[PDB]
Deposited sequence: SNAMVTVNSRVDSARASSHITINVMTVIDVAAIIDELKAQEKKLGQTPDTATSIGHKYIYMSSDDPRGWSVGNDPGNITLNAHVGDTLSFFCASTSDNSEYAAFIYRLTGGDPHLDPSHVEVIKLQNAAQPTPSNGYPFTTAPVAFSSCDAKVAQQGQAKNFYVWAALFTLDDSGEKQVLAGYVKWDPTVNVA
C-alpha cells in the first residue's frame, strides 16, 4: 500500500549566510521574496524503508506513485545556534505535488535536563514539516524547498530572523 517517507535536510546555515555576504547578494526579508540559493550546503537523509541513497543537494528515494514525502530540516547545530525552518514547498510538477506546511506542537516533547541530559523530561516544543505527494517517477525538475533562517543574538538566549531562502534539491523517485 502507501507509505510516508521522511526526508530530513541538514543545512549549513552559517555557510549560506556568509556565502551571500561575500557574493554581494542579500537575504530575502519576506516569505515570498526568499533568496534562491544553491544546493551546496544542503545534506539530505531519509528513513525510506523501500531503500534510498544520496552528493549534496541530491537524493534518490524508492517511492511509488501515491507515496508521501515529508520534508524536515535543521541547522548543523540542530537549531541550537543558527536555525532553519521549512515553511513552503513549490513546483515538482509532474513528479511531485507539494502540500502546505504542517506545524506540529507536542505538549510533552522529550527534552534533556541539565546537567547530564538524563533524566529526560517533557515540555511543549513546536516543529514544522511540509509534505509532497509522489505523482510520477523520475527526477523532479522544478521543485523548491523554502526555509526561514535564524541566528542567535548576543544575549545567547534568543534567535532572530535573518531572512528567507529557497533551494532546488534534486529528488529522484525510483
Gaps in the model, given as deposited-sequence positions counted from residue 1: 1-17, 72-73
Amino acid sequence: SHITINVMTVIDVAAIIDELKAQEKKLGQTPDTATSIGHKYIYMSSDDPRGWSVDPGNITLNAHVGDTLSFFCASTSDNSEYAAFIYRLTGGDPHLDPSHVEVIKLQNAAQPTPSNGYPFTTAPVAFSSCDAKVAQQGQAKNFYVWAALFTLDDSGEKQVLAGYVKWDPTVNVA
From here on, numbers count along this sequence of modelled residues.
Per the entry, higher mean C-alpha B factor between 81-89 and 97-105: 97-105
Higher-B stretch (mean Cα B-factor, as the entry records it), 35-43 or 120-128: 35-43
Largest Cα B-factor, entry values, listed residues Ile5, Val171, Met8, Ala174: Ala174
Most elevated Cα B-factor in the entry, residues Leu27, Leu69, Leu149, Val145: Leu27
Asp12 - which third its CA temperature factor falls in, relative to the rest of the chain: lowest
Third of the chain, ranked by Cα B-factor, where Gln111 sits: lowest
